[PDB]
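Trainee: Turn this into a model:
(chains A and B, ligands or ions: 6)
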Protein chains: 2
Amino acid sequence: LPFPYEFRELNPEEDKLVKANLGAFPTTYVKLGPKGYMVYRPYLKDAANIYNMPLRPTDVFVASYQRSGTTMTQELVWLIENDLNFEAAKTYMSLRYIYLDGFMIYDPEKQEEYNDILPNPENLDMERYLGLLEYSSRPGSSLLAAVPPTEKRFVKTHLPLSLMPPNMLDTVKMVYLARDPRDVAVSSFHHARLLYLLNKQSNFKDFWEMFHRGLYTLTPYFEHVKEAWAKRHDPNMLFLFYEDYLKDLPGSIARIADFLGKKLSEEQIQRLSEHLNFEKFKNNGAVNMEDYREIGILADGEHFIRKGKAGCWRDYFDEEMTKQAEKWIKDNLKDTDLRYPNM
Amino acid sequence: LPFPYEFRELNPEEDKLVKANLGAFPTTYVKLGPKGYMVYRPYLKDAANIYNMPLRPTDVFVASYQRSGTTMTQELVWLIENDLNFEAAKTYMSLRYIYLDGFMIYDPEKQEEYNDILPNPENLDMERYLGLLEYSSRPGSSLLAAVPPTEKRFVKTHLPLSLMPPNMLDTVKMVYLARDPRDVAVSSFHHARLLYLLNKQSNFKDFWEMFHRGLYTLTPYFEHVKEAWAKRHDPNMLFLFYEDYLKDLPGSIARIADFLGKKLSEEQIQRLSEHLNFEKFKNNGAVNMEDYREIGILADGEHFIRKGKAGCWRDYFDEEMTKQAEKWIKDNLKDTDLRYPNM
Ligand SMILES: Nc1ncnc2c1ncn2[C@@H]1O[C@H](COP(=O)(O)O)[C@@H](OP(=O)(O)O)[C@H]1O
Ligand SMILES: Nc1ncnc2c1ncn2[C@@H]1O[C@H](COP(=O)(O)O)[C@@H](OP(=O)(O)O)[C@H]1O
Ligand SMILES: C[C@]12CC[C@@H](O)C[C@@H]1CC[C@@H]1[C@@H]2CC[C@]2(C)C(=O)CC[C@@H]12
Ligand SMILES: C[C@]12CC[C@@H](O)C[C@@H]1CC[C@@H]1[C@@H]2CC[C@]2(C)C(=O)CC[C@@H]12
Ligand SMILES: [Ca+2]
Ligand SMILES: [Ca+2]
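Mentor: Numbers count the residues shown, from 1 in each chain, chains lettered A, B, ... in the order given. Ligands and ions are numbered 1, 2, ... in the order given. This is the structure:
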């Protein structure tokens, strides 16, 4: 099966906005497909392979537009499939899951350019840093095909459904997370600050400008959610809202367990929910990627697991931005049954 | 005289490293003085008293950074002062010497927490175990003041000179032992394993990391040795190298005897050297503290008197560690006349 998509460069206006906020970061973008999904240029080298990647009936995918509850979901899905063996789950999440599209953010051609975004390149633990860069050079497809058949493959991706094998849900199970885009925006802003992707001179309004305009990584945001929403009633797709994890963690866990063919005891569900307690999780070395800070690539006062709250976007949007966001959500939810819990 | 030192908590980075290797052990550390000597928290309660402890012209101290030849030296110094009465030396070394700072490793506040580091707490001889804990609760100063004036006091300590009465050498005699830090590191690692101080999951590279970085008990290592080295000329200080005990035991014994005001016969020196034979000493119940194993607090395959060799650090350091250790020693020996025999 051939790759049915053409890519396109950003036009002058789009390129101006993006550069003004992300120009310092080495990697550039291109829009892919008819919906114009923003992908880091390096994604193109593995695009056809991903679209045609061989799937296995045992594969399990945790998909979502970034910062929507992926990490939490991965931990839950992993423990449940592995009979709540919390002990075995103490290994790095990055070793337990393959980040299908994680590679695209790195361009080997510009290797020398990446350390220049760091306040102090000199403090880097080079062995580990170069180690990271090498891993990031490996296309997702290869990482997946590498896993032996007698080992259950856990996949993490932020890729929209239209870029992966169509009908994939006929073979694999997927848990897709969606979150209020406004909160997603604030979390993505900080995430961007965490890894030095955003220009230090840019602020949140700038980021929000790129975001709702479909000029940030893997956006248009709504097209992304919509594809998954449409596959909501499929037996192998479990569409969940990040907000529900907060309002009723126990309840979400039951749904995930059932979706995976497991019946947990009220006690087991309780044990899992406690394990997912924000403070405890935020301090869980296996999932917070704090070891990245010892390597030297994380910014001061930023963490992968941040605040873990819903609705905090009100502390970042001014009157104008607020209305602009309302109109935007309004327009994209018009003539669809998609609705957010907290909205 | 007031205690001229302030203490300081470990900063986040330092605390992370330490905890990762010693966290399971109940007792915590703090850095003391301008040099930042690592002391177990409980040391603070008796710090001022030790700094101001009353000394006696008959007192004799055997000092050193741990695992540098203290025990051997204690036996030699004791026999020589007691007219080679080998018979009277058959009593426990712990009863013949007061371990000035031995107490700091135990915190009565966490009494319940200590037995939890044992594989089998249930096998403990409780009477003796609680007996140990009680003795360990007594500050060193008190143990010393307790000894009657008509009895010669033998003191053992791993405290640097700057923490004891300044000018102390004006009253007491001290024999200070120094050993190649690399070998000291390997011996301290095993010692740490012996008493269950180190996390069972940590390995030697981890320990060596803490060690040369000044994050282990009574380090910075070089500052410790340097203080004693500077007083090497004083008539009441005898600076010796552990390595010399191996290359020329008879020769070291003569120096110790002369330092103490005793003239031994070539035969007496010979009798002493034989008494200090590694195998024989390692099996000497009065100094190997094997009775601690019957109590139940020693780890399998670990002993106080281990290999008794010099240079064996080469079997524990990999190429990188080796260079890192070379640079480190290089830097601390720069602009000083301090030199190690085997180096
Ligand atoms: N155990 C947990 N409970 C609640 N929120 C959690 C969590 N672990 C992570 N999060 C939150 O999930 C978001 C990250 O999403 P993802 O894992 O998909 O990248 C962050 O949102 P915030 O930035 O709002 O804090 C993060 O703090
Ligand atoms: N009679 C003896 N001859 C040689 N080395 C001895 C000895 N008695 C003890 N040692 C060694 O001295 C070190 C202990 O030092 P200290 O008494 O100051 O704590 C240990 O080093 P190793 O771990 O290298 O074997 C130990 O085996
Ligand atoms: C590219 C970048 C961020 C830019 C540069 O510092 C190199 C690193 C290499 C590791 C990457 C990281 C981005 C976030 C990634 C993709 C992860 O979440 C795991 C691997 C991480
Ligand atoms: C604290 C600890 C080790 C931790 C715990 O098992 C209690 C014992 C009590 C006796 C201590 C021992 C450490 C080493 C000591 C200080 C000696 O060398 C003699 C007394 C010993
Ligand atoms: Ca560079
Ligand atoms: Ca206990």
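Trainee: Run through the residues that contact the nearest residue to residue A:29 once chain neighbours are set aside.
Mentor: Spatial nearest neighbour of residue A:29, excluding adjacent residues (Cβ to Cβ, 6 or more residues apart in numbering or on different chains): residue A:38 at 5.2 Å. In this view, the C-beta of every residue, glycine as well, is placed from N, C-alpha and C. Each residue near residue A:38 by Cβ atoms under 8 Å, 6 or more residues apart in numbering or on different chains is listed here: A:29, A:31, A:32, A:214, A:215, A:216, A:217, A:218, A:219.
Trainee: if you set the cut-off to 10 Å instead, what comes out?
Mentor: Residue A:38 makes contacts with A:10, A:14, A:18, A:29-32, A:210, A:214-220, as judged by Cβ atoms under 10 Å, 6 or more residues apart in numbering or on different chains.
Trainee: With residue A:264 instead?
Mentor: A:80, A:84, A:250, A:253, A:254, A:256, A:257, A:258, A:270, A:271, A:272.
Trainee: ok, of these, which come out buried?
Mentor: Neighbour counting by 16 or more other Cβ atoms under 10 Å in any protein chain shown classes A:80, A:84, A:253, A:254, A:256, A:257, A:272 among those as buried.
Trainee: now that we're looking at residue A:256, how far away is ligand 1 from it?
Mentor: 14 Å (Cβ to the nearest ligand atom, to the nearest Å).
Trainee: Can you tell me the closest non-neighbouring residue to that residue?
Mentor: Per Cβ to Cβ, 6+ apart, closest to residue A:256 is residue A:76, 5.6 Å.
Trainee: in the stretch 201-343 of chain A, what residue is nearest ligand 3?
Mentor: Closest residue of the stretch 201-343 of chain A to ligand 3, Cβ to the nearest ligand atom: residue A:297 (4.2 Å).
Trainee: Which of the contacts of residue A:264 sits closest to residue B:50?
Mentor: residue A:271 (49.1 Å; Cβ to Cβ).
Trainee: wait, the closest one sits on residue A:80?
Mentor: No. Here residue A:271 does not reach residue A:80: they are 11.4 Å apart, not a contact under Cβ atoms under 10 Å.
Trainee: any shared contact partners between those two?
Mentor: A:253, A:264.
Trainee: follow-up on the earlier one: in strands, which of the buried ones among the contacts of residue A:264 fall?
Mentor: With strands defined by DSSP state E, no entry of the buried ones among the contacts of residue A:264 lies inside them.
Trainee: before we move on, the earlier item: from residue B:106, how far out is the residue nearest to residue A:29?
Mentor: 61 Å (Cβ to Cβ, to the nearest Å).
Trainee: Just want the most central residue of chain A.
Mentor: residue A:66 (2.9 Å; Cα atoms, centre = their mean).
Trainee: Phi, psi for that residue please.
Mentor: phi -40, psi 150 (degrees, to the nearest 10).
Trainee: Can you tell me the closest non-neighbouring residue to it?
Mentor: Closest to residue A:66 by Cβ to Cβ, 6+ apart is residue A:158, at 4.8 Å.
Trainee: And residue A:213, by the same measure?
Mentor: Residue A:213 sits nearest to residue A:17 (Cβ to Cβ, 6+ apart), 7.3 Å away.
Trainee: To what extent is that neighbour buried, counted in neighbours?
Mentor: Using other Cβ atoms under 10 Å in any protein chain shown, residue A:17 has 15 neighbouring residues.
Trainee: what does residue A:337 give?
Mentor: With other Cβ under 10 Å as criterion, residue A:337 counts 7.
Trainee: Okay, strands next: where are they in chain A?
Mentor: Using DSSP E, strands in chain A cover A:7-8, A:29-32, A:37-40, A:60-64, A:98-99, A:154-157, A:173-178, A:237-241.
Trainee: Put together a markdown table for the ones you listed, with distance to ligand 5 on each row.
Mentor: Formatted as a markdown table, those follow (distance: least, Cβ to the ion, whole Å):
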| stretch | distance to ligand 5 |
| --- | --- |
| strand A:7-8 | 28 |
| strand A:29-32 | 22 |
| strand A:37-40 | 19 |
| strand A:60-64 | 33 |
| strand A:98-99 | 25 |
| strand A:154-157 | 30 |
| strand A:173-178 | 36 |
| strand A:237-241 | 42 |
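Trainee: Nearest approach to residue B:172 belongs to which of these?
Mentor: The nearest among the strands of chain A, by Cβ to Cβ, is strand A:98-99 at 64.6 Å.
Trainee: And the contacts of the closest one?
Mentor: A:70, A:93, A:135-136, A:138, A:140-144, A:146-147, A:153-158.
Trainee: Pull the number of nearby residues for residue A:217.
Mentor: Counted with other Cβ under 10 Å, residue A:217 comes out at 23.
Trainee: what does residue A:106 give?
Mentor: With other Cβ under 10 Å as criterion, residue A:106 counts 21.
Trainee: contacting residues around it?
Mentor: Residue A:106 neighbours (Cβ under 10 Å, 6+ apart): A:26, A:27, A:40, A:42, A:114, A:132, A:133, A:134, A:135, A:136, A:137, A:138.
Trainee: For residue A:139, see how far away it is.
Mentor: 11 Å.
Trainee: Quickly list what's touching both of these two.
Mentor: Joint contacts of residue A:106 and residue A:139 (Cβ under 10 Å, 6+ apart) are residue A:42.
Trainee: My guess is residue A:298 contacts residue A:197. True?
Mentor: No. The pair residue A:298 / residue A:197 is not scored as a contact, 11.9 Å apart, by Cβ under 10 Å.
Trainee: Chain neighbours aside, what residue packs nearest to residue A:178?
Mentor: Nearest non-adjacent residue to residue A:178 (Cβ to Cβ, 6+ apart): residue A:225, at 5.0 Å.
Trainee: One more: residue A:110?
Mentor: Nearest to residue A:110 is residue A:26, by Cβ to Cβ, 6+ apart, at 4.2 Å.
Trainee: same deal with residue A:282?
Mentor: Per Cβ to Cβ, 6+ apart, closest to residue A:282 is residue A:305, 4.1 Å.
Trainee: Compute the number of surrounding residues for that neighbour.
Mentor: 17.
Trainee: ditto for residue A:19
Mentor: 13.
Trainee: That one reaches residue A:28, doesn't it?
Mentor: Yes. Between residue A:19 and residue A:28 there is a contact under Cβ under 10 Å: 8.9 Å.
Trainee: Show me whatever sits in contact with both of those two.
Mentor: In contact with both residue A:19 and residue A:28: residue A:10, using Cβ under 10 Å, 6+ apart.
Trainee: so how many other residues sit close to the closest residue to ligand 2 within the stretch 201-343 of chain A?
Mentor: Closest residue of the stretch 201-343 of chain A to ligand 2, Cβ to the nearest ligand atom: residue A:294 (30.8 Å). Using other Cβ under 10 Å, residue A:294 is surrounded by 13 other residues.
Trainee: residue contacts, the closest residue to it other than its chain neighbours?
Mentor: Of all residues not flanking residue A:294 in the chain, residue A:125 sits nearest, at 6.8 Å (Cβ to Cβ, 6+ apart). Contact partners of residue A:125, counting by Cβ under 10 Å, 6+ apart, are A:131, A:132, A:291, A:294, A:295, A:296, A:297.
Trainee: Looking at those residues, which are in helices?
Mentor: Among those, the members falling in helices (DSSP state H) are A:131, A:132, A:291, A:294, A:295.
Trainee: does residue A:219 really touch residue A:37, like I thought?
Mentor: Yes. Residue A:219 is within contact range of residue A:37, at 7.4 Å (criterion: Cβ under 10 Å).
Trainee: Distance of the residue of the stretch 101-250 of chain A found nearest ligand 4 relative to residue B:202?
Mentor: Ligand 4 sits closest to residue A:125 of the stretch 101-250 of chain A, with a gap of 33.7 Å, by Cβ to the nearest ligand atom. Residue A:125 sits 19 Å away from residue B:202, going by Cβ to Cβ.
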